[PDB]
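Student: these are from a larger complex, still in place; more later:
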Amino acid sequence: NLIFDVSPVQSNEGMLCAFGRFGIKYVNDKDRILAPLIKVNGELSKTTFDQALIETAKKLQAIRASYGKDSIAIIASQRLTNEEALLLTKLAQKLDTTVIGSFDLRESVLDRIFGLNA
């Protein structure tokens, strides 16, 4: 279950930068959290996935109920797969929030000129 090396693929110039070649070290990192944490008595403590996800859903629903629509922001990283991003968009629709974005995202200019930001 440990990664031991990373090698480039001889596709074109067969090259990897520092990140792809060496930053795969975080997979073996022992500081990774493997169980969810919820706030008991004001401190984060381990729990089960079912209870944590139930708490997440109830907290989001409480925020939506008390403060109305468009009151929940989803700030998703840009390293997720296409399916995960689509699922996050679906969930944002389920929460009646259009605030679906990322802190790594810059203001777009190309979609106002050519039509697509690509």
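Tutor: Sure, I can see it. Numbering: from 1, shown residues only, chains lettered A, B, ... in the order given.

Student: In chain A, where's the longest helix?
Tutor: Ranked by number of residues, the top helix in chain A under DSSP state H is helix A:49-67.

Student: Quick check: neighbours of the helix or strand following that helix in the sheet, parallel or antiparallel?
Tutor: Going down the chain from helix A:49-67, the next helix or strand is strand A:74-75, by DSSP states H and E. According to DSSP bridges, strand A:74-75 forms sheet pairs with strand A:100-101 (parallel).

Student: quick one: the strand it pairs with to chain centroid distance?
Tutor: Remark: strand A:100-101 is offset 11 Å from the chain centroid, using CA atoms, centre = their mean, to the nearest Å.

Student: for the longest helix of chain A, which positions count as buried?
Tutor: Neighbour-count burial for helix A:49-67, counted by 16 or more other CB atoms under 10 Å, picks out A:60, A:64. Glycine gets a C-beta too; all of them are placed from N, C-alpha and C.

Student: Using CSV, write down the CA coordinates of it.
Tutor: Provided in CSV are the C-alpha atoms of helix A:49-67 (Å, rounded to 0.1, in the frame of the first residue of the first chain):
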residue,chain,number,x,y,z
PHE,A,49,-18.7,8.1,8.3
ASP,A,50,-22.4,7.7,8.6
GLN,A,51,-22.7,10.0,11.6
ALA,A,52,-20.4,12.6,10.1
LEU,A,53,-22.3,12.7,6.7
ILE,A,54,-25.6,12.9,8.6
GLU,A,55,-24.2,15.8,10.6
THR,A,56,-23.0,17.5,7.4
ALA,A,57,-26.4,17.1,5.7
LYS,A,58,-28.3,18.4,8.7
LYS,A,59,-25.9,21.4,9.1
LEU,A,60,-26.3,22.3,5.4
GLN,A,61,-30.1,21.9,5.6
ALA,A,62,-30.3,24.0,8.7
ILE,A,63,-28.2,26.8,7.0
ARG,A,64,-30.5,26.6,3.9
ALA,A,65,-33.6,26.7,6.0
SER,A,66,-32.7,29.6,8.3
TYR,A,67,-30.9,31.8,5.8
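
Student: As chain B, please add this:
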Amino acid sequence: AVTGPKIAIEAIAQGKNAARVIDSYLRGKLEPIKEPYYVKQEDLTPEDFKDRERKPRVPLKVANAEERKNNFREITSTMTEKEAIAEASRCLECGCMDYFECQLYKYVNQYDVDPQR
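Tutor: So, slotting chain B in with the rest:
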């Protein structure tokens, strides 16, 4: 749907009785539910238990109001095995120990006996 809004155990009792009736109907002979006649003691008074040892009830673990008024986590927690055994040992054993093998009970159930007269 029949009795109106009641507690859940009433609905469960209705379901069980209806299941027994439906089984009887499927077997061919539909028989309405017949309630057995039990011998019961209604003259009992607390003075009959003045000699029994007084034992405290099992404590109830209830989450703090401030911490529980913000989440949907369960309020009460299940008892422990030791507490469960100590609580179940407080029983007075009111029912007859010979209930499942008493023949007088069987016979008074087999006949429409009116004891009050």
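
Student: once more on the buried residues of helix A:49-67, this time with chain B?
Tutor: A:54, A:55, A:60, A:64 (16 or more other CB atoms under 10 Å in any protein chain shown).

Student: so what secondary structure elements neighbour that helix?
Tutor: In terms of contacts (3 or more CB pairs under 8 Å, 6 or more residues apart in numbering or on different chains; DSSP states H and E), helix A:49-67 is packed against strand A:37-40.

Student: Near chain A, which residues of chain B are found?
Tutor: For chain B, the residues in contact with chain A (CB under 8 Å from any CB of the partner chain) are B:67, B:71, B:72, B:73.

Student: out of those residues, who's nearest chain A?
Tutor: Within the residues of chain B next to chain A, the smallest distance to chain A is 4.7 Å, found for residue B:72 (CB to the nearest CB).

Student: and the closest one, what element?
Tutor: Going by DSSP H and E, residue B:72 is not part of any helix or strand.

Student: if I pick it, what's in contact with it?
Tutor: A:54, A:55, A:58 (CB atoms under 8 Å, 6 or more residues apart in numbering or on different chains).

Student: Run through who's touching the longest helix along chain B.
Tutor: In chain B, assigned by DSSP H, the helix with the most residues is helix B:8-27. For helix B:8-27, contacts defined as CB under 8 Å, 6+ apart pick out B:2, B:3, B:30, B:31, B:32, B:33.
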